[PDB]
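Engineer: Structure below; questions to follow.
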Amino acid sequence: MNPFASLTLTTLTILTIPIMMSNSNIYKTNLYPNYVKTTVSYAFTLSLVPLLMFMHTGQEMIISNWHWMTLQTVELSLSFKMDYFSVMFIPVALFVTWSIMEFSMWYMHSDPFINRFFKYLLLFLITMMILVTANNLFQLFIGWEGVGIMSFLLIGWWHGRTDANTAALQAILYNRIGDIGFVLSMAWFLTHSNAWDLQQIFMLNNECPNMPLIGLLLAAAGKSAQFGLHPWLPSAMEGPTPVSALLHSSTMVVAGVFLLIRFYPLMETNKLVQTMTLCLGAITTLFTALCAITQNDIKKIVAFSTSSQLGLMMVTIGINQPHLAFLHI
Amino acid sequence: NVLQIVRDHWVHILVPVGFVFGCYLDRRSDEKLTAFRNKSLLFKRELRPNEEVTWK
Amino acid sequence: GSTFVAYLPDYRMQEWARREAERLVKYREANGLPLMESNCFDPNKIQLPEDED
Amino acid sequence: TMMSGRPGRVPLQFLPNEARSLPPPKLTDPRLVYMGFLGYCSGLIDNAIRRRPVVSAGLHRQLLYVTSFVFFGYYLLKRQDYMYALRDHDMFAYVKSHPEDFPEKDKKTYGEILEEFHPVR
Amino acid sequence: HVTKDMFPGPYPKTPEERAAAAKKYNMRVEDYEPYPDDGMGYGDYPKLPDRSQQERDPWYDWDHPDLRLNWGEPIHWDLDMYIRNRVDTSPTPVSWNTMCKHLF
Amino acid sequence: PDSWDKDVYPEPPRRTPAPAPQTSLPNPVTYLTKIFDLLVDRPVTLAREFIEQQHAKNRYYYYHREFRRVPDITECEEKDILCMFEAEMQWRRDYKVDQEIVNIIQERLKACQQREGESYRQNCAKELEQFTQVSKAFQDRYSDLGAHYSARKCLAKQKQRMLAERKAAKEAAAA
Amino acid sequence: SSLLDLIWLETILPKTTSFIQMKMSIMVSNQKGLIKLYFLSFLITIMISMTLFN
Amino acid sequence: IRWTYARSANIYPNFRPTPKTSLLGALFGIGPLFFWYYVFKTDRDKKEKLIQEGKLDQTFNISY
Amino acid sequence: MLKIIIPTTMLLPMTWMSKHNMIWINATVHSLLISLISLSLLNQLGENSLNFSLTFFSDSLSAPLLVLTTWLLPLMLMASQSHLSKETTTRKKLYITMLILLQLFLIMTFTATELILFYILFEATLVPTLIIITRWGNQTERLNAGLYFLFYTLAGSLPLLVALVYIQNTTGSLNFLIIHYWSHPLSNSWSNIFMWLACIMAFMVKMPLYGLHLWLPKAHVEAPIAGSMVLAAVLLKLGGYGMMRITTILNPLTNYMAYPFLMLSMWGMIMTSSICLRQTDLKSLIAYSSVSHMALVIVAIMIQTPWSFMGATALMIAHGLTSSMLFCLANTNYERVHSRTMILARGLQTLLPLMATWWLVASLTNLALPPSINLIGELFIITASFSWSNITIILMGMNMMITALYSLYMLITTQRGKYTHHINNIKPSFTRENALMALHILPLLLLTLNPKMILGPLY
Ligand SMILES: CCCCCCCCCCCCCCCCC[C@@H](O)O[C@H](CO[C@H](O)CCCCCCCCCCCCCCC)COP(=O)(O)OCC[N+](C)(C)C
Ligand SMILES: CCCCCCCCCCCCCCCCC[C@@H](O)O[C@H](CO[C@H](O)CCCCCCCCCCCCCCC)COP(=O)(O)OCC[N+](C)(C)C
Ligand SMILES: CCCCCCCC/C=C\CCCCCCCC(=O)O[C@H](COC(=O)CCCCCCC/C=C/CCCCCCCC)COP(=O)(O)OCCN
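Protein chains in written order, with our numbering: chain C, 1 to 329; chain Z, 330 to 385; chain P, 386 to 438; chain V, 439 to 559; chain U, 560 to 663; chain G, 664 to 838; chain F, 839 to 892; chain E, 893 to 956; chain H, 957 to 1415.
In structure tokens form, the structure reads like this:
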């Protein structure tokens, strides 16, 4: 009954099957990329249905199936949130990943390790799915670190190239700088609101203080390549073109903006953090556009364009219009 | 070959024999700490018609 | 060993505590009692030292 | 403790007569087993030093080592148990004979005892 | 299979010990300059230029192409600083002071 | 389902609207729901009925352990180790039960927040009040005890709190 | 790495102890074997114990 | 081999205590410790003073 | 508990009377069986403990460490199986005897319901370790490392004997149950201050605390693979385990007596993480990483909050497994390379791919990647420290960043890049090494499913 939960879980489940089959026989043939592409397309077509049901009715739901552990008065359970944001962002990401994998089936035909490349792409997609549909801060952190590790692994695809290793380490460094603020926010929320779940966080903080929002903004700036920690996004273009097209262009780099979107009931209650995030977005978008105005490498120009767009959606967050930022995403 | 593999594989029983010996020792050592059996203020229970001791 | 550890009997009394809490909350909500009591031990049994200062 | 000058002590007696009033240690006492193990270790070390097959050079010698160690361990355990029994007997007798120095404590209940509470923050 | 004399030693004061140390490190005597005899324990280890390892001749046929090294030369005291994966001192089109001024 | 009690986990009557098709265009949602039901729910239902009828052929029960009440640490001698042990065990069990009570209240609060949607700030005042009361009681009871907590430390904290509140009340009355 | 871990932390606890015990061992064990000095020290300690511990 | 030996095992035998080395050691090994001790002592003193005054709003601070 | 101690003792006659070409098989099989049997201790209850007898008791803190200790020995045998090929039968049997004695002493140490027995076995676990370090070591500096490891531990632990005997004379008993139940506050006096210092320093020297860690790099570098693994996996947890047990008597002195050690650890974790960045050696780098993690555990223990204790226990178990795996990988590289230098062999991922993915997984686990128990312990400790003071987050985050940096530096330098040209003895990896690292890593990814088994008694 109510197929919303069943289908919304089933898309994320079917996205995992080729990872399980990676040790089977099909992994050793040339049929694997087509298998992964077909799996992604089927997952997208299946996830298209909850979007229709939400559009018809306005369907929202959270599922807490597996109860991981209880620490005194705190419970950690594998809980997924299937609100408008997740149920709308899943099909877009799946569609883009399907197109990118079909393109990669032609771009990377000469790579001996193409099956491993497709497996890494699927792992990144699974981790981004985890991050998007997360409901408690710990699952969000799981996805947050998984996407960073996948970006590290895919940036340095060519191990012989020294610049690839340098860029991967640089991206990891900046993402850890963001994770500092993420961990600060997580600790503050647990120690003050006594829960990592978004529901209790939203109830218990009518006037959220400066520190947790500061930490969240720092993490969003770290992962969304804002002005303070921008260069990792332009320098992450040492990876293969499909990786840059999928990870560091449209899906992985919007994780910080998505995090700021998710905590919008708390951002409204504070006026200083809104000012700071608006200023950060404005300065970073102008700086990256000005840098792109004179670049000579095409991938560099598109990377700086991505950075400018991320700055624009951060500005959108600054003026208290999170839904418009989601639309722009 | 019987009585020949024993001269080479008699050592494999040492650990299992010691494990059984240790279980017996644990039971014997437990038998000396029955000074409060069925006398605790919380688990005090009336014996069944066919039980002699609450636990061994 | 992993299967044995997974199916270890609940000696930590996690379900027992949940059932006891359910019964306590139901009883205290039915009769209007104020759920948790701020005093762990009843004041009557406790004897205080009179200062008279 | 210094029970050397204890009255009514035979100068050179290993086990006084009153020591026969105590239960003798069982032949399966763990300490006796440890004496046997020490004797076996001594036998193995003797075999090793003389450059002989360590485990199976002299069975009679190892048996004699174990038996002598067990004998001395048994008698030593008897003497030790007697001495500890004497110590406890003297302690209880002296406590009984001097009630002034060992007054009965006024029993108290935690309900009427004020202990300082140091919070952890 | 290395003799005790091949290992580094104390800071040499006499010119004879300086020449022996310079010969040990496979470098010219007047091209060898040890660290100043301060408290720190550099000893008689040559003070190679603070030149990085990214700006070495990239077209030369090195024995270790990735590290841009040849078998047997004296190794910079701070090689793990300059491995092309870390800080490098390549000259820039714009001067350092002007770069700092503009960015600030 | 009867697996969980309704009084301890309250749920509103969940009133829902009726379909009022304004147009003649067939909505894909109804067709998708029908096909999903026909080709998903029926096999799952049949498998579950088979499993349940297999369970019914072999039925056995498990019981909930009941613990007697034992004297607290308040009626415990200074050095009576056995009564101290019994009271300490009882206090630990009560601590676990109170933790589960707080967990119950938190679960109800989170459910109220997600159910009410965009009016959660108004419709869930009662759950927030209950959580505030229970949280204040729990904090007054077991907070700041330390890692090596014990019944004696909780009793000492209660004694100190009662001393402070008695002094405050006496000062207010004599003011 | 060098100044704190490899120089000063080594100088404080282990190296200072090693140097002190080495110097004291050199001082104590360096006796010429002459009984004249031995018996003079014996007389000195006899006088010290007679006039100090009473 | 010479580089590794000079970096690892040839530092102490060539070390001499001088004004520069002693001052650097004292500063870089003592100053941070006392700085952090002062900072954390001040923070905890302020927090405990606020708790004693009762004006901290420690509600919902159940887990610690 | 004798069902654990007796088979471990019986392991010695089996090893000594086995055939000259079958000692390793018997030792491995029966150590694995002993670990399987010892797995039963994990069923602890929310009440006091599993009081087996008057001498041995098991808690929910002693159970995970006991399981890890019993599980380590087969891995030690598999790691030591390689470099002892050219050894005589008697010396191999002596090596296995030393390993079995170490396991038995650790097993008796971890339960040890009386504190004097705990101290006796805690100091007894030193002799086999010193013999292993100073006898079966390759480098000529093994003697100095053995002397440092002996004296740094013994000088710290000697005052603990006097303190424990004094506590027995005043309190009247050193049984841990009686000590816990009859605990009384310690007045702020000089005598109590020095008793606190005596009771604390003996364990703080072993973890170790920053400033007393000079013995750890030497002991870990100069020891053989088995010695390095047992040092980094279990022997470091002795101090942490001891501190949790002995902390109860001290209150409320610790509330202000923990400041110097808190500062030392919260700065030494940063210092050692930074040191890891500039290293010319692999085993030394892993040793300094172990020092940083143990400093974090020291902070957790000194904070004395429930979340601190759970995070501490999780971090001890996770770090033990991770560092044992890292030392295994370093030894596997060193055997082929015969040099033990990070930059000497490069680009091994082209030649050994399965070794490369083992390296990647080990580095990720060391990097504290969610949802591995490493990050569980890390995050619990960070939250507890934040509750202690809001400024600790700066130090903790800096430590996290530097840890990630040096872990990925270790991975990149030895795996990525162009291979070294003048090395042509990189034989394909055996089945033994792959099985060893698989058995190292799988328990971590299995424990991340059931964290409650390794979260300590305050769960
Ligand atoms: C190669 C490519 C992949 C191929 C493989 C495909 C298959 C995919 C599966 C891989 C992971 C998928 C995740 C699925 C998890 C389902 C199982 C899980 O739910 O069970 C866990 C249980 O697992 C165990 O708890 C974890 C294992 C225990 C760890 C011990 C390690 C083994 C000993 C070895 C030595 C130990 C060294 C360290 C000592 C501390 C959680 O238990 P719990 O949710 O509560 O409820 C269990 C049922 N109850 C209600 C009756 C109690
Ligand atoms: C090197 C690697 C690390 C090793 C371990 C280092 C940790 C050990 C350091 C010991 C911690 C502090 C020791 C004493 C702390 C008590 C607080 C005291 O120091 O402050 C004042 C004490 O005043 C002075 O400090 C008196 C002591 C001065 C002499 C001590 C030596 C100080 C410097 C030497 C440090 C050397 C440490 C390493 C030795 C090798 C407070 O004055 P007061 O309120 O009235 O007294 C409070 C105590 N009462 C309540 C019992 C009365
Ligand atoms: C890596 C090497 C580390 C070396 C660590 C060594 C330092 C350990 C701390 C000092 C240990 C000695 C303390 C003695 C054991 C405690 C026993 C006790 O508590 O008895 C006290 C007695 O306390 C003492 O006697 C202490 C005297 C100290 C003598 C030894 C000094 C050791 C060095 C002192 C400075 C070290 C402090 C910092 C060490 C940092 C590490 C270097 C009670 O006295 P009462 O007679 O009962 O009085 C009651 C009536 N009013």
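C-beta: ideal position from N, C-alpha, C; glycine also.
Does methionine 1298 (chain H) come out as helix, strand or coil in the three-state DSSP assignment?
Structural biologist: The three-state secondary structure of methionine 1298 (chain H), taken from DSSP, is coil.
Engineer: Quick check on the burial criterion: 16 or more other C-beta atoms within 10 angstroms. Buried or exposed for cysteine 1155 (chain H)?
Structural biologist: buried
Engineer: Is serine 387 (chain P) near ligand 1, in the sense that its beta carbon is under 7 Å from a heavy atom of that ligand?
Structural biologist: For ligand 1, at least one heavy atom lies less than 7 Å from the Cβ of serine 387 (chain P).
Engineer: Which ranges does the alpha helix (DSSP H) cover as unbroken runs of at least 4 residues, wholly within the segment 491-552 of chain V, from first to last along the chain?
Structural biologist: 497-535
Engineer: Mind checking whether the beta-carbon of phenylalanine 1150 (chain H) lies closer than 7 Å to any heavy atom of ligand 3?
Structural biologist: Yes.
Engineer: Relative to chain C, which residues along the segment 1355-1372 of chain H have a C-beta separation below 7 Å, given in chain order?
Structural biologist: Residues of the segment 1355-1372 of chain H with a C-beta less than 7 Å from any C-beta of chain C: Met1356, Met1357, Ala1360, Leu1361, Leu1364, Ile1368, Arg1372, listed in chain order.
Engineer: Would you mind sorting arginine 488 (chain V) into buried or exposed? The rule is 16 or more other CB atoms within 10 Å of its CB.
Structural biologist: exposed
Engineer: Should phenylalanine 95 (chain C) and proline 33 (chain C) be called a contact, given that it needs their Cβ atoms to be closer than 8 Å?
Structural biologist: no
Engineer: Do you know whose CA, among C:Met53, C:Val74, C:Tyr35, C:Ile155, lies nearest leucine 247 (chain C)'s CA?
Structural biologist: C:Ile155
Engineer: When the Cβ atoms of the segment 1353-1368 of chain H are set against those of the segment 168-182 of chain C, are three or more pairs found closer than 8 Å?
Structural biologist: yes
Engineer: Between which two residues does the beta strand (DSSP E) carrying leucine 78 (chain C) extend?
Structural biologist: Counting along the chain, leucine 78 (chain C) sits inside the beta strand (DSSP E) bounded by residues 74-81.
Engineer: Can you give me the start and stop residues for the beta strand (DSSP E) that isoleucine 62 (chain C) sits inside?
Structural biologist: 62-71
Engineer: Can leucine 1168 (chain H) be considered in contact with ligand 3, in the sense that its beta carbon sits closer than 7 Å to one or more heavy atoms?
Structural biologist: For ligand 3, at least one heavy atom lies less than 7 Å from the Cβ of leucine 1168 (chain H).
Engineer: So that I know if they touch, is there some Cβ in chain B lying closer than 8 Å to that of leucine 1320 (chain H)?
Structural biologist: No chain B appears in the structure shown, which is made up of the protein chains C, Z, P, V, U, G, F, E and H.
Engineer: What in chain P is Cβ-close to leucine 818 (chain G), meaning under 9 Å?
Structural biologist: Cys425, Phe426, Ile431
Engineer: Considering only their Cβ atoms, is the gap separating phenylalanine 44 (chain C) from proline 91 (chain C) smaller than 8 Å?
Structural biologist: yes
Engineer: For ligand 2, is there any heavy atom lying closer than 7 Å to the beta carbon of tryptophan 1138 (chain H)?
Structural biologist: no
Engineer: Using the beta-carbon count (16 or more within 10 Å), is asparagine 656 (chain U) buried or exposed?
Structural biologist: exposed
Engineer: Do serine 1036 (chain H) and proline 1180 (chain H) count as a contact pair if the criterion is CB distance below 8 Å?
Structural biologist: yes
Engineer: Just mark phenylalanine 926 (chain E) as buried or exposed, buried being the case when its beta carbon has 16 or more other beta carbons within 10 Å.
Structural biologist: exposed
Engineer: Tell me which residues of the segment 742-755 of chain G have at least one Cβ-Cβ distance to chain H shorter than 8 Å, keeping chain order.
Structural biologist: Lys742, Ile744, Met747, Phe748, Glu751, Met752, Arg755
Engineer: By the DSSP assignment, the alpha helix (DSSP H) with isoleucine 19 (chain C) in it spans what residues?
Structural biologist: 17-21
Engineer: Are there any heavy atoms of ligand 1 lying less than 7 Å away from the beta-carbon of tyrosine 392 (chain P), as far as the coordinates show?
Structural biologist: yes
Engineer: Determine the chain G residues that contact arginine 559 (chain V) at a beta-carbon separation under 7 Å, and present them in chain order.
Structural biologist: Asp807
Engineer: Exposed or buried, what is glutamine 762 (chain G) when buried is set at 16 or more other beta-carbons lying within 10 Å of its beta-carbon?
Structural biologist: Note on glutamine 762 (chain G): 16 or more other CB atoms within 10 angstroms of its CB, so buried under the neighbour-count rule.
Engineer: Is the CB of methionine 599 (chain U) under 8 Å away from at least one CB in chain F?
Structural biologist: yes
Engineer: Just checking, does the segment 1314-1330 of chain H make contact with the segment 142-150 of chain C on the three C-beta pairs under 8 Å criterion?
Structural biologist: yes
Engineer: Relative to the alpha-carbon of residue 913 (chain H), which residue among G:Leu695, G:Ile744, G:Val707, G:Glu779 has its alpha-carbon at the smallest distance?
Structural biologist: The question about residue 913 (chain H) has no answer, for chain H in this structure spans 957 to 1415.
Engineer: Whole angstroms is fine: what's the gap from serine 1005 (chain H)'s alpha carbon to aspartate 1015 (chain H)'s?
Structural biologist: 5 Å
Engineer: Under a three-way DSSP split, which group does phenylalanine 926 (chain E) fall into?
Structural biologist: helix
Engineer: Going along the chain, which residues of its own chain have a beta-carbon closer than 6 Å to the beta-carbon of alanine 486 (chain V), five neighbours each way excluded?
Structural biologist: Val492
Engineer: Where do the N-terminal and C-terminal ends of the alpha helix (DSSP H) with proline 963 (chain H) fall, by residue?
Structural biologist: If you look at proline 963 (chain H), you'll find it in the alpha helix (DSSP H) that goes 958-972.
Engineer: Smallest Cα separation from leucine 626 (chain U): which of U:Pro633, U:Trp636, U:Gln612?
Structural biologist: U:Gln612
Engineer: Kindly indicate which three-state DSSP category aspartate 197 (chain C) falls into: helix, strand or coil?
Structural biologist: strand
Engineer: Mind the definition here: the segment 1236-1243 of chain H touches the segment 1206-1219 of chain H only if three or more C-beta pairs lie below 8 Å; say whether that holds.
Structural biologist: Contact between the segment 1236-1243 of chain H and the segment 1206-1219 of chain H is absent: fewer than 3 CB-CB pairs across the two stretches fall below 8 Å.
Engineer: Select from C:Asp83, C:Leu78, C:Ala236 the residue whose C-alpha is nearest the C-alpha of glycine 780 (chain G).
Structural biologist: Among C:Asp83, C:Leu78, C:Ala236, the Cα nearest to that of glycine 780 (chain G) is on C:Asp83.
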